[PDB]
Amino acid sequence: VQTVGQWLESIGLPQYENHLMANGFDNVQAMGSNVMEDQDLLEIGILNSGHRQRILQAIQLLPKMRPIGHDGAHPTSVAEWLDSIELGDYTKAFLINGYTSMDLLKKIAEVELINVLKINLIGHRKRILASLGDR
């Protein structure tokens, strides 16, 4: 079981744990398939310079990449889809927003997402972004 608190405490100390968690980065799984990015770690709210590289090289060096780890998901709707992303309440916003077909989720841009879904959270953002696979 991987926990942000443990990982963070290892690479450094329990100081940004709250930030990440509250920023959606409460589950290490958020960086299981796609290691954290400079823009993300920087968008959160780090103390000061000298830590960015640490988290980057660390989260990037994290030996969690394997060949057998090629499992994916095949949902039928926004519901089951988000269900595989540690999210369910989103189903409401997504639905009322007009998201019925997965394809539709791939017909929007960043701004459109933060403007429609109104997520405004790196965690949930990266999670869904990775789940869909825009780029």
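Each reported figure results from applying straightforward, stated rules to the coordinates on display, with no laboratory input. Here Cβ is always computed from backbone atoms with ideal geometry, including for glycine, and neighbour counts include all displayed protein chains.
Restrict the check to segment 61-72 and report whether at least one residue is in contact (Cβ under 8 Å) with a residue 24 or more places away in the chain and in a helix (DSSP H, G or I).
There is no residue in segment 61-72 that is in contact (Cβ under 8 Å) with a residue 24 or more places away in the chain and in a helix (DSSP H, G or I).
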Exercise for review: Select from segment 89-135 the residues that are among the hydrophobic types (A, V, I, L, M, F, W, C) and in a loop (DSSP other than H, G, I, E, B) and write down the one among them that is surrounded by the fewest Cβ atoms within 10 Å (Cβ to Cβ).
Suggested key: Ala109
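Considering segment 78-88 alone, what residues qualify as being over 16 Å from the mean Cα position of the chain (by Cα) and not in a helix (DSSP H, G or I)? Can you show your working first?
Step one: filter segment 78-88 for residues over 16 Å from the mean Cα position of the chain (by Cα), giving 78-80.
Result: no residue meets the conditions.
What are the residues in segment 35-58 that are among the acidic types (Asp, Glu) and surrounded by 16 or more Cβ atoms within 10 Å (Cβ to Cβ), if any?
Kept after step one, since they are among the acidic types (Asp, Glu), are these residues of segment 35-58: 37-38, 40, 43.
The answer is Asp40, and nothing else.
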Check your understanding: Between a first residue in segment 116-135 that is closer than 16 Å to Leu41 by Cβ and a second residue that is charged (D, E, K, R) and part of a helix (DSSP H, G or I), which pairs have beta carbons less than 7 Å apart while being 6 or more apart in sequence or on different chains?
Key -> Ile122/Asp40; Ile122/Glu43; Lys126/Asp40
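Can you pull out the residues in segment 85-130 that are of a type in the set (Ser, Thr, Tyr) and over 26 Å from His19 (Cβ atoms)? Break it down into steps so the answer makes sense when it comes.
As a first pass, look at segment 85-130 and keep what is of a type in the set (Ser, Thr, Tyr): 90-91, 99-101.
Those that are of a type in the set (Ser, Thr, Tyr) and over 26 Å from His19 (Cβ atoms): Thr91, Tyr99, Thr100, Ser101.
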Review point. Can you find a residue in segment 59-80 that is surrounded by 13 or more Cβ atoms within 10 Å (Cβ to Cβ), aliphatic (A, V, I, L, M) and farther than 24 Å from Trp7 by Cβ?
Key: yes
Practice item. Check every one of the helices (runs of 4 or more DSSP H) wholly within segment 1-51 and list those with 2 or more residues that are farther than 20 Å from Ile128 by Cβ and in contact (Cβ under 8 Å) with a residue 24 or more places away in the chain. Key: 4-11
